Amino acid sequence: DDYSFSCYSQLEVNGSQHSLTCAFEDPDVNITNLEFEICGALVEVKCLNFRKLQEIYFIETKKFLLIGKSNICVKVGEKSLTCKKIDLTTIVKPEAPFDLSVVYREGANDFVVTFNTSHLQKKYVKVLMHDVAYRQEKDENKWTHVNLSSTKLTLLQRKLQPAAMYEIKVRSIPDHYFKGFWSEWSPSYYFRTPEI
């Protein structure tokens, strides 16, 4: 497909408003004459037009029914080039976690990793799986990934190298009725393990 694209939704991203972001899978696609439209599984209206924003297509609206498939079409004026049936509840990209913090406790000989997510206060995409990734700063392609369903991870002092600089970051994916993609990574946090 010459007009091959992919999308991600963000539910309750701005209060009760949801968002939908589409882009061509080939980044060199010339979008001069190309417009995007979504029809079906909408609340009061039949169709909605996307806003073209430099390289992506975006809609921010409350009018998503969130049950049933929507048809997203690429158009040249009124002619449809390609259409795709997408369920907006299966393409959710969570907002990134924030407020990442690592603390070392001498009494327990452990690192307590905590973070926050705005998804805990939402109605729909409340349940996520998180991915905490960490590495020794000096390394490239040597990240260790740990999954968790809460916002607190405990790492044992003996499972990390002593007297070393570590980098740690966290991301989330929907893990319940809603499916989708990994969020952006949170900013990195840097710490040093004790000398032992």
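Numbers follow the displayed sequence, beginning with 1.
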| query | finding |
| --- | --- |
| Residue stretch of maximal mean CA temperature factor, 44-52 vs 156-164 | 44-52 |
| Mean temperature factor over C-alpha atoms, higher-scoring stretch between 119-127 and 96-104 | 119-127 |
| CA B-factor placement of residue 34, once the chain's modelled residues are sorted into thirds | middle |
| Relative C-alpha B-factor of residue 16, binned into the chain's lowest, middle or highest third | highest |
| Within-chain third of residue 134 by Cα B-factor, per the entry | lowest |
| Modelled-residue ranking by C-alpha temperature factor, third containing residue 89 | middle |
| Chain thirds of CA B-factor: placement of residue 114 | lowest |
